[PDB]
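Q: One structure, pasted below without further comment.
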Amino acid sequence: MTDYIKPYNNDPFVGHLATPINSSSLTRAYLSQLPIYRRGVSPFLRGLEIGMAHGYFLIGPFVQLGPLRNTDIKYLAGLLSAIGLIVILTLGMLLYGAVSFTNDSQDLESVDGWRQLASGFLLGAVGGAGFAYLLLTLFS
Amino acid sequence: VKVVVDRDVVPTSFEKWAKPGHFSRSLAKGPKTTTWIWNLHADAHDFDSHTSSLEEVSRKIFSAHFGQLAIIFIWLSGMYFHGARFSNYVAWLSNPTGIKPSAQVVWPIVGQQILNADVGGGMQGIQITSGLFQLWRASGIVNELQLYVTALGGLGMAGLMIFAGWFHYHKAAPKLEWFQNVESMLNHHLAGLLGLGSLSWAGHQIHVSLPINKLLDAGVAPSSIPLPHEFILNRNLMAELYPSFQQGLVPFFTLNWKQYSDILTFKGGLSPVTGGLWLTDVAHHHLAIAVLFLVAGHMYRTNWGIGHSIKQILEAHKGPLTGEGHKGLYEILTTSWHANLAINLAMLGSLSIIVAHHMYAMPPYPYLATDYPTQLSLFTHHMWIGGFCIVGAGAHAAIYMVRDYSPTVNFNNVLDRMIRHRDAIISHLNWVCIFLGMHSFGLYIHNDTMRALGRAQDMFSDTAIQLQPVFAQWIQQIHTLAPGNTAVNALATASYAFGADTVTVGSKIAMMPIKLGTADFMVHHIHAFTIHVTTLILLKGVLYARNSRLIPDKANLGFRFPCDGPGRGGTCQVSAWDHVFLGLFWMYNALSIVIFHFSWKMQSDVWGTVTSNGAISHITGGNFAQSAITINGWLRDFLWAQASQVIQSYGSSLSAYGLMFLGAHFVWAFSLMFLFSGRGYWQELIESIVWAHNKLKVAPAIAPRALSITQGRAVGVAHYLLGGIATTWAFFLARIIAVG
Amino acid sequence: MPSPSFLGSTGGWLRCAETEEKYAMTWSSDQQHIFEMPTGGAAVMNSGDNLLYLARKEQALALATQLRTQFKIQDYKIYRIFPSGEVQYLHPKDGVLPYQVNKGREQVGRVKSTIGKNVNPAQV
Amino acid sequence: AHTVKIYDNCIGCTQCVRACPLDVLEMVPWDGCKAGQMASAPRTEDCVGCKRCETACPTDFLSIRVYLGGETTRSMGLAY
Amino acid sequence: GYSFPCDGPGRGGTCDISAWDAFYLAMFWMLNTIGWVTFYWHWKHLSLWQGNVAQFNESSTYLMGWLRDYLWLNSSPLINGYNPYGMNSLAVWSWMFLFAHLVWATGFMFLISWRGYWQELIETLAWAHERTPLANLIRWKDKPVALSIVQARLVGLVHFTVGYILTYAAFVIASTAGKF
Amino acid sequence: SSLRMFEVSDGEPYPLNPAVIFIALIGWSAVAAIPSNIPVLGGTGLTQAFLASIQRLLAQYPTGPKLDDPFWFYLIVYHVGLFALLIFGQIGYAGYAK
Ligand SMILES: CC1=C(C/C=C(\C)CCC[C@H](C)CCC[C@H](C)CCCC(C)C)C(=O)c2ccccc2C1=O
Ligand SMILES: CC1=C(C/C=C(\C)CCC[C@H](C)CCC[C@H](C)CCCC(C)C)C(=O)c2ccccc2C1=O
Ligand code: SF4
Ligand code: SF4
Ligand code: SF4
């Protein structure tokens with residue numbers, strides 16, 4: 001018994017190696033459950049949900065606050081700016097795999113699986129901008 | 001707790017004064033360099049850079065305490081003198097409105113007599129904004145004789161402190177054991193100083209209030225004012241002015257406290273006669289604070305065995321995220337004279353700011369709210385004082401990790417964690433600063449773009465309704481309904497800045513329900529931006545002062561060092577004292593924006609005039625309902641319209657505030673000489689002048705050298721602040737006199 | 001090897017530290033003590049040699065300088081290369097660098113005037 | 001990286017390796033000095049160039065020069 | 001050579017010693033001296049355009065006349081480019097005058113504070129980069145470092161120049177076209 | 001709408017969903033702040049909104065503060081009582097064993 005087990009194991013058994021607010025022991029498992037870095041899957045699916053999450057809310061800001069927000073046409077300004085930025089952002093994200101070229105044997109996190117998740121990101125972003133598009137139409 | 005005195009340690013001799021630099025053998029044998037001339041004064045107050053014997057360091061700082069204390073007493077004893085020899089306080093005592101304040105006269109030498117401002121009362125001079133007349137009126141002082149007696153009584157107390165700081169030293173000297181009695185120290189500071197101080201002044205404004213309250217507020221001449229001793233020598237006079245004095249400390253023992261309700265009340269708000277807070281509420285206030293401090297002054301171990309102690313109090317506080325928490329903090333504060341100074345400078349610095357806010361919010365002195373120059377000056381005065389003090393708190397909280405922190409002696413796992421996950425603290429504050437910057441000032445860029453672009457500012461009006469009157473509006477409404485409901489014993493709010501539509505006017509507006517709007521959310525977040533950046537850089541200098549990732553051997557170099565060299569791409573300005581040097585600058589920007597906000601928003605919506613045909617007409621009538629949202633309005637309607645009151649004064653008596661205004665930019669831009677150039681070029685610049693000095697041998701024995709790398713930056717911030725305060729000092733004292 | 005325990009993270013689990021060369025020091029430590037890392041708070045020093053990980057070279061030499069001032073102990077630092085190459089760069093002579101040694105040699109030494117002349121007559 | 005060049009002004013008072021952070025220089029027996037030591041920098045690949053030896057260098061004009069050259073990971077002193 | 005930081009912070013200090021440092025010092029005097037000549041030349045025409053020559057040879061003798069009648073009176077149509085009521089033609093210029101004081105004061109970031117503080121801060125940013133989940137998958141190419149001691153002063157001189165140039169390039173047009 | 005009781009291991013989503021409900025009650029107040037969106041949302045709900053909507057600080061908006069004040073008062077009473085229990089929990093809890 002040296003120092004009586006590290007002053008109470010640094011208070012009631014902390015541990016938590018990959019936890020300190022980066023992702024709790026529940027949240028790190030929630031990240032493994034989270035599709036952006038999902039286990040047991042490859043081509044398209046690691047992405048796809050990425051776009052279905054990003055493009056889904058990209059309609060949000062420019063509908064109420066964008067440079068166009070005072071007439072009836074303004075329901076479209078939230079989507080045109082979003083889709084234009086979606087094309088720009090898709091190019092910017094796809095270019096990362098072109099910059100990387102060291103792990104050509106590790107095709108998942110480098111080039112192959114990288115493009116095989118951004119491919120789902122393109123349809124996810126555009127489609128997700130179209131998914132939240134038809135959600136506020138029946139109430140208007 | 002024991003009388004341990006080391007009588008006679010240092011003799012009384014002029015021998016040390018004969019040697020320039022006796023405090024250090026390194027600053028005595030080699031005065032062959034110009035740099036030594038500046039090192040003699042730079043280290044003159046760095047007492048921990050001489051001897052390490054704490055029994056002598058404690059016997060060199062308590063000496064400086066009594067020395068500074070004597071300087072302050074010499075300073076205060078003159079204020080009562082200037083308000084008697086040449087002033088207008090008695091005439092202002094009879095006529096307070098038409099007679100402007102003044103307590104400084106000039107002489108006919110070079111035509112400077114134009115500064116004699118026509119204030120009235122048969123005396124000309126220079127207007128004052130120190131609040132001396134309000135304090136003296138709130139003290140019951142009427143005759144000039146009461147000024148001279150207080151001044152002559154101040155000379156005695158000023159001399160006794162010099163003969164005290166020269167007593168416990170060249171004559172006496174307590175041991176080192178007398179300083180670890182921090183337990184016995186807080187029992188005499190919270191009870192002897194705070195306690196008896198809040199009680200002694202409380203017992204004064206109970207018997208001196210009626211020469212101000214039940215006399216000077218009725219309409220009696222200053223000659224008809226009775227004497228303060230005539231009220232005490234005859235208890236029935238106090239009994240008639242207050243029908244509670246007939247008892248004379250009889251229900252005080254009977255616990256029939258309600259019979260003392262003629263002086264002890266809790267009204268709230270302001271008085272519609274004087275112009276400030278109630279003269280009876282402050283007496284009861286200080287009585288309430290005095291008893292609380294008489295209780296709070298008994299908390300630590302003396303020599304009877306009862307009570308807590310800073311030791312086991314901190315040895316008991318734990319916490320999950322803290323680990324070995326709070327323990328060792330006793331050894332932190334009881335060993336380093338420095339260590340107490342940062343927590344003092346931090347608390348007292350924020351205290352000066354908080355009391356500055358409490359000044360304008362609820363004016364405690366009579367005839368203070370209407371006196372706009374004094375009010376505006378005093379707020380920003382304590383504002384900048386606390387700015388310097390909090391940065392000094394960072395300046396020394398950076399000293400601690402370098403000068404008095406050890407990995408074996410003093411230990412708190414809390415402070416350990418502040419240095420173990422140290423890269424996380426500043427990372428959080430960094431992202432917070434950037435989020436509060438790219439938006440608060442980003443929205444400034446946004447709105448200034450919307451106006452020059454066209455119809456975008458028009459569609460911003462709905463967003464101008466947002467944020468503003470959305471938050472903090474309900475807080476004011478809570479305070480509107482706080483009396484009666486959550487304050488049954490209060491017939492008024494905390495201040496009339498809370499009570500809506502309730503305006504108190506004494507020919508000039510005293511307070512207003514400060515209706516937030518338009519851009520208060522903007523400037524408050526400019527504040528929070530400049531506050532988080534200031535806290536970031538200073539806290540960075542605090543916890544990165546010991547362990548640094550770039551250079552691991554950081555403790556060897558020091559605190560006020562230049563850098564390391566051109567290696568590692570470039571190690572430049574990495575000292576914690578430089579985080580304070582730049583910390584002074586972000587504090588400078590913070591306090592500058594806060595004084596701008598306070599000052600201008602006042603006359604925008606608060607300060608104004610009143611007529612019977614209408615209601616309220618401000619000096620500048622509701623301008624920052626739009627001119628605050630953009631950066632342009634801060635120099636289109638703010639920094640531009642102010643030149644009509646600072647420059648258009650040469651034909652009057654306000655010409656000095658224009659000369660100091662235009663001359664403060666000189667010394668500020670003079671700081672741009674040191675904050676931009678380097679010692680290398682300037683050192684190549686001397687040797688040419690020294691060549692001309694070697695041509696005629698007129699070269700001094702003291703070899704001409706450039707300023708130190710650190711001393712140049714210390715002088716640079718000195719001028720950036722002096723030249724960066726005297727301009728707004730001349731500006732705050734420019735318009736407020738013309739529009740007073 | 002038994003090494004001092006430290007909490008606070010920061011230093012470990014860095015990708016750059018994994019892909020970049022790392023430094024490994026050691027010290028005798030004849031007695032239980034408590035010291036401070038050049039980049040961390042405080043930690044208890046255990047008996048026997050203690051192996052740690054360092055990401056910088058100056059960090060690897062400042063700790064040795066700090067240990068020499070405490071008590072008198074010989075220091076050993078080993079500098080590893082990216083793949084797995086482990087070379088003894090600290091004390092290749094095993095004699096302290098300020099003190100005189102027998103194994104002498106000259107690397108990159110120009111023996112010319114002092115104002116300048118940057119050309120080197122011979123590199124070896 | 002940086003280019004270390006030793007002047008002929010050396011006295012051998014070991015001021016380099018005393019000041020030097022990561023031990024770039026090294027004391028070597030020499031036959032043309034008073035104390036008999038000469039500074040030599042074999043590990044110039046690891047040199048950072050912090051210029052703290054020129055401070056401790058005694059001579060009127062310093063004896064240990066390090067001319068600023070290229071910059072690599074070894075000369076930037078970065079941990080990442 | 002020409003562009004190098006210092007010789008070493010020792011022997012009193014070698015801060016700003018290269019010939020390039022002399023150039024970077026010289027540009028500051030260039031802007032202000034060449035601005036003095038222009039501040040003078042801007043009155044030798046606006047005093048006769050208004051016909052009131054008695055303003056200059058009577059008030060320009062002291063600096064306060066240079067402060068109240070030029071930096072304040074002539075700037076009325078400048079700042080009134082977009083008043084809180086009806087904005088007109090001098091809006092784009094009144095905006096540039098502000099965007100100028102931004103860029104100019106932006107240079108004060110690169111000139112007053114040096115480089116090492118940014119090294120110690122960028123290292124914390126890089127630490128937060130890999131430590132943060134999800135964002136840990138993103139990796140850069142060239143290691144993030146601060147500007148060179150020479151490039152720091154050069155880029156900051158670029159800001160101190162173009163901000164000052166735009167500071168005077170927006171006042172002239174609006175202030176002269178507002179009153180003619 | 002339901003009790004949502006099932007498993008003892010379901011006792012850790014029970015501190016999870018109200019942990020989201022607190023933030024949800026905050027976000028609901030945040031999203032309904034625009035001075036222009038309130039006129040269009042309150043018409044269908046109330047019979048009083050037909051004649052005129054928006055009661056400013058007269059009744060409906062004080063209900064928020066009149067919902068906070070009781071909750072604050074509840075928590076104040078319970079902690080003042082907890083300080084008088086002198087180390088003995090007198091309130092039942094659905095814990096211990098599983
Ligand atoms: C001017 C300057 C100097 C030189 C500064 C000097 C020489 C200070 C001069 C101040 C003294 C007080 C002036 C000389 C006056 C004598 C003391 C004589 C006075 C005798 C009577 C008048 C009392 C630097 O060392 C420097 C370093 C780094 C960056 C910029 C600079 C810089 O700009
Ligand atoms: C912020 C800052 C940095 C960091 C600067 C960085 C990281 C550069 C950031 C550049 C970003 C990517 C934006 C660059 C784009 C510009 C807005 C315009 C440039 C486009 C062309 C002109 C090239 C320093 O390196 C520095 C060094 C010495 C003194 C002060 C400072 C300093 O203040
Ligand atoms: S710095 Fe120069 S003189 Fe001193 S020991 Fe090294 S080589 Fe010799
Ligand atoms: S160049 Fe720098 S690291 Fe190398 S020996 Fe000289 S001072 Fe030391
Ligand atoms: S001499 Fe000047 S430029 Fe060179 S490293 Fe030191 S502070 Fe930086």
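By convention in this document, the chains of the structure tokens carry letters A, B, ... by their order, each chain's residues are numbered from 1, and ligands are numbered from 1 in the order they are shown.
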Could you produce a table of the residues of chain E lying within 7 Å of ligand 2, with the nearest pair of atoms per residue and their separation in Å rounded to one decimal, using only C-alpha atoms and all ligand atoms, ordered by chain and increasing residue number, as JSON lines?

A:
```
{"residue": "E:109", "atom": "CA", "partner": "ligand 2", "partner_atom_place_in_ligand_line": "33 (O)", "distance": 4.8}
{"residue": "E:110", "atom": "CA", "partner": "ligand 2", "partner_atom_place_in_ligand_line": "30 (C)", "distance": 3.7}
{"residue": "E:111", "atom": "CA", "partner": "ligand 2", "partner_atom_place_in_ligand_line": "29 (C)", "distance": 6.2}
{"residue": "E:113", "atom": "CA", "partner": "ligand 2", "partner_atom_place_in_ligand_line": "29 (C)", "distance": 5.6}
{"residue": "E:114", "atom": "CA", "partner": "ligand 2", "partner_atom_place_in_ligand_line": "29 (C)", "distance": 4.1}
{"residue": "E:115", "atom": "CA", "partner": "ligand 2", "partner_atom_place_in_ligand_line": "28 (C)", "distance": 3.8}
{"residue": "E:118", "atom": "CA", "partner": "ligand 2", "partner_atom_place_in_ligand_line": "24 (C)", "distance": 6.0}
{"residue": "E:145", "atom": "CA", "partner": "ligand 2", "partner_atom_place_in_ligand_line": "25 (O)", "distance": 6.9}
{"residue": "E:146", "atom": "CA", "partner": "ligand 2", "partner_atom_place_in_ligand_line": "25 (O)", "distance": 3.3}
{"residue": "E:147", "atom": "CA", "partner": "ligand 2", "partner_atom_place_in_ligand_line": "25 (O)", "distance": 3.7}
{"residue": "E:148", "atom": "CA", "partner": "ligand 2", "partner_atom_place_in_ligand_line": "27 (C)", "distance": 6.6}
{"residue": "E:149", "atom": "CA", "partner": "ligand 2", "partner_atom_place_in_ligand_line": "28 (C)", "distance": 6.3}
{"residue": "E:152", "atom": "CA", "partner": "ligand 2", "partner_atom_place_in_ligand_line": "28 (C)", "distance": 4.6}
```

Q: Write the selection just made, keeping N, CA and C atoms, as an mmCIF file, in the first residue's frame?

A:
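That gives us selection28.cif:
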```cif
data_model
loop_
_atom_site.group_PDB
_atom_site.id
_atom_site.type_symbol
_atom_site.label_atom_id
_atom_site.label_comp_id
_atom_site.auth_asym_id
_atom_site.auth_seq_id
_atom_site.Cartn_x
_atom_site.Cartn_y
_atom_site.Cartn_z
ATOM 1 N N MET E 109 -0.967 45.312 -35.409
ATOM 2 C CA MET E 109 -0.840 43.978 -34.833
ATOM 3 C C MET E 109 0.514 43.363 -35.165
ATOM 4 N N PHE E 110 0.980 43.542 -36.402
ATOM 5 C CA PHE E 110 2.233 42.937 -36.837
ATOM 6 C C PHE E 110 3.459 43.715 -36.379
ATOM 7 N N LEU E 111 3.294 44.968 -35.961
ATOM 8 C CA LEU E 111 4.421 45.844 -35.666
ATOM 9 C C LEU E 111 4.692 46.006 -34.176
ATOM 10 N N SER E 113 3.636 43.915 -31.502
ATOM 11 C CA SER E 113 3.978 42.631 -30.906
ATOM 12 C C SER E 113 4.786 41.798 -31.892
ATOM 13 N N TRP E 114 5.797 41.098 -31.377
ATOM 14 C CA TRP E 114 6.681 40.312 -32.230
ATOM 15 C C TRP E 114 6.108 38.927 -32.511
ATOM 16 N N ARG E 115 6.976 37.920 -32.613
ATOM 17 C CA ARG E 115 6.619 36.639 -33.211
ATOM 18 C C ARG E 115 6.510 35.485 -32.223
ATOM 19 N N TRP E 118 3.128 34.416 -30.852
ATOM 20 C CA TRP E 118 2.305 33.691 -31.811
ATOM 21 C C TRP E 118 2.753 32.243 -31.954
ATOM 22 N N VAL E 145 3.494 27.722 -38.959
ATOM 23 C CA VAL E 145 4.441 28.554 -38.231
ATOM 24 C C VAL E 145 4.065 30.014 -38.438
ATOM 25 N N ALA E 146 4.624 30.867 -37.586
ATOM 26 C CA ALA E 146 4.400 32.297 -37.694
ATOM 27 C C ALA E 146 5.265 32.888 -38.806
ATOM 28 N N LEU E 147 5.028 34.163 -39.101
ATOM 29 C CA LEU E 147 5.796 34.845 -40.133
ATOM 30 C C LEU E 147 7.245 35.028 -39.697
ATOM 31 N N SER E 148 8.139 35.073 -40.681
ATOM 32 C CA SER E 148 9.545 35.323 -40.398
ATOM 33 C C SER E 148 9.727 36.720 -39.820
ATOM 34 N N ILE E 149 10.786 36.882 -39.023
ATOM 35 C CA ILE E 149 11.069 38.176 -38.407
ATOM 36 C C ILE E 149 11.228 39.255 -39.470
ATOM 37 N N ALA E 152 7.621 39.371 -41.167
ATOM 38 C CA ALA E 152 6.671 40.010 -40.260
ATOM 39 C C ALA E 152 6.659 41.519 -40.460
#
```

Q: So that I can see what lies close to region 23-30 of chain A, please list as a VMD selection string the residues with an atom at most 10 Å from it, counting only C-alpha atoms and leaving out residues fewer than 6 positions away in the same chain.

A: (chain A and resid 16 to 17 38) or (chain E and resid 132 to 133)

Q: Write to file, as a compact mmCIF listing (two decimals), in the first residue's frame, the residues of the selection just made, with N, CA, C and O atoms.

A:
```txt
# COMPACT_ATOMS: atom_id res chain seq x y z
N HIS A 16 -11.02 7.33 -17.46
CA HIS A 16 -11.48 8.13 -18.59
C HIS A 16 -10.30 8.59 -19.46
O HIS A 16 -9.91 9.75 -19.49
N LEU A 17 -9.74 7.61 -20.18
CA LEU A 17 -8.55 7.87 -20.98
C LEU A 17 -8.89 8.66 -22.24
O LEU A 17 -8.25 9.67 -22.54
N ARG A 38 -18.09 5.72 -38.88
CA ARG A 38 -18.82 4.54 -38.45
C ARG A 38 -18.03 3.27 -38.73
O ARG A 38 -17.39 3.13 -39.79
N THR E 132 -8.94 17.20 -30.79
CA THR E 132 -10.38 17.25 -31.00
C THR E 132 -10.83 16.09 -31.87
O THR E 132 -10.22 15.84 -32.92
N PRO E 133 -11.87 15.36 -31.48
CA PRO E 133 -12.35 14.25 -32.31
C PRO E 133 -12.95 14.75 -33.62
O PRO E 133 -13.17 15.95 -33.82
```

Q: Go ahead and compute the interatomic distance for CA of residue 70 (chain F) and CA of residue 17 (chain F), in Å to one decimal.

A: 22.8 Å

Q: Each residue of chain B with at least one atom at most 12 Å from ligand 5 should appear once, together with its nearest atom pair and the corresponding distance in Å (one decimal); atoms considered: only C-alpha atoms and all ligand atoms; ordering: chain, then increasing residue number; output as a tab-separated table.

A:
```
residue	atom	partner	partner_atom_place_in_ligand_line	distance
B:561	CA	ligand 5	7 (S)	10.0
B:562	CA	ligand 5	7 (S)	6.2
B:563	CA	ligand 5	6 (Fe)	5.7
B:564	CA	ligand 5	5 (S)	6.4
B:565	CA	ligand 5	5 (S)	4.0
B:566	CA	ligand 5	5 (S)	4.4
B:567	CA	ligand 5	5 (S)	7.7
B:568	CA	ligand 5	5 (S)	10.1
B:569	CA	ligand 5	5 (S)	9.4
B:570	CA	ligand 5	5 (S)	6.0
B:571	CA	ligand 5	5 (S)	5.8
B:572	CA	ligand 5	8 (Fe)	4.5
B:573	CA	ligand 5	7 (S)	6.5
B:574	CA	ligand 5	7 (S)	9.6
B:575	CA	ligand 5	7 (S)	11.3
B:578	CA	ligand 5	7 (S)	11.8
B:675	CA	ligand 5	7 (S)	11.6
B:676	CA	ligand 5	2 (Fe)	10.7
B:677	CA	ligand 5	2 (Fe)	9.2
B:678	CA	ligand 5	2 (Fe)	6.3
B:679	CA	ligand 5	2 (Fe)	7.5
B:680	CA	ligand 5	1 (S)	7.3
B:681	CA	ligand 5	2 (Fe)	10.2
B:682	CA	ligand 5	2 (Fe)	11.9
B:683	CA	ligand 5	1 (S)	11.9
B:708	CA	ligand 5	7 (S)	11.1
B:709	CA	ligand 5	7 (S)	7.6
B:710	CA	ligand 5	7 (S)	9.5
B:712	CA	ligand 5	7 (S)	11.5
B:713	CA	ligand 5	7 (S)	11.0
```

Q: Keeping only C-alpha atoms, write those residues as a compact mmCIF listing (two decimals), in the first residue's frame.

A:
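In the end it all went to selection_24.txt:
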```
# COMPACT_ATOMS: atom_id res chain seq x y z
CA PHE B 561 13.97 39.49 -20.22
CA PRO B 562 14.05 40.31 -23.96
CA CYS B 563 14.03 36.89 -25.63
CA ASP B 564 16.37 34.04 -26.60
CA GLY B 565 17.52 34.69 -30.17
CA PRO B 566 16.81 34.13 -33.87
CA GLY B 567 16.73 30.35 -33.39
CA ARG B 568 13.68 28.11 -33.71
CA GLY B 569 12.50 30.38 -36.52
CA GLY B 570 12.51 33.23 -34.03
CA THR B 571 12.09 33.44 -30.25
CA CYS B 572 10.96 37.02 -29.63
CA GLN B 573 8.98 38.63 -26.79
CA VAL B 574 8.18 35.44 -24.88
CA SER B 575 8.42 36.70 -21.29
CA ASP B 578 5.63 40.97 -22.06
CA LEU B 675 7.44 50.17 -29.99
CA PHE B 676 8.62 49.80 -33.61
CA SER B 677 12.41 50.20 -33.79
CA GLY B 678 15.17 48.05 -32.33
CA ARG B 679 18.16 48.52 -30.07
CA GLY B 680 20.58 47.31 -32.74
CA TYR B 681 20.08 50.25 -35.08
CA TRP B 682 20.00 52.76 -32.24
CA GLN B 683 23.18 51.29 -30.76
CA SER B 708 17.71 48.15 -22.58
CA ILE B 709 15.56 45.96 -24.82
CA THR B 710 13.03 45.56 -22.00
CA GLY B 712 12.48 50.46 -24.20
CA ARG B 713 9.21 48.53 -24.17
```

Q: Determine which residues of chain A DSSP labels as helix (DSSP H, G or I) from the backbone of this structure, then write them out as an NGL selection string.

A: :A and (5-13 or 25-33 or 35-37 or 49-57 or 60-64 or 74-99 or 112-131)

Q: Around ligand 4, out to 6 Å and counting only C-alpha atoms and all ligand atoms, which residues are there? I want them as a list in words.

A: residues 20, 21, 24, 25, 47, 48, 49, 50, 51, 52, 53 and 66 of chain D
